[PDB]
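Structure 1 and structure 2, given next as structure tokens, are two forms of the same protein chain, each shown alone.
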Structure 1
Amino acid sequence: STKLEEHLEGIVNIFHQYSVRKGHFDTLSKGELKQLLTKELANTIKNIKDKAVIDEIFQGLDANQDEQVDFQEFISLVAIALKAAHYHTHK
């Protein structure tokens, strides 16, 4: 409804377009995370292509080591991307 709320809805929508693909409809496997990062965060994260970088993000986000990133764990990634977007407006 407000522009902020539309941004919140959009982030949720984008999570879901990747989370539905395989396995649990509401969590991201590593493959789904990889597709999300590659496509949707291509200009935000350095070395986004490199394989090592994705295994390491994935391990960092998977706080309970069940090999899935749930919505709550995914929020840590949004936090990282928000800080960088903030940095980017000033630099």
Structure 2
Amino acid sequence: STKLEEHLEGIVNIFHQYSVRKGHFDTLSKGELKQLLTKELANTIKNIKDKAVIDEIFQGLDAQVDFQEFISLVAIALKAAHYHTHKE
């Protein structure tokens, strides 16, 4: 795998680390997802100064989740990560 592809695989690996733990191996409960995000994106979250974006990440977690839904969250975290790399 390329460097880019190692990153994609690693993201998939982290998902699976959480998703394997209970029930079906490829999905996670909203509760488990909330825990994954709060731990694995702790620094990302701390650096987001727009509370509406944080709201975007956690939205609906109190209302199973699959990899496709997890991608949508990864996409948000990626936008945030890029913006932060340009912090003066």
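Here, rigid core means the biggest group of C-alpha atoms that superpose within 1.5 Å across both forms. All residue numbers here refer to structure 1's sequence, counted from 1.
Notebook entry, point to check: Does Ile48 count as moved between structures 1 and 2, where moved means a C-alpha shift of 2 angstroms or more after fitting the rigid core?
Noted result: For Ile48, whose C-alpha is compared between structures 1 and 2 after core superposition, the shift is 2 Å or more.
Checklist line | Core-aligned Cα shift of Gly31 between structures 1 and 2, given in Å | finding: After core superposition, the C-alpha of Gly31 moves 2.9 Å between structures 1 and 2.
Next item on the list: Report, to one decimal in Å, how far the Cα of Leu77 moves between structures 1 and 2 once the rigid core is superposed.
Entry: The alpha-carbon displacement, core-superposed, is 0.5 Å.
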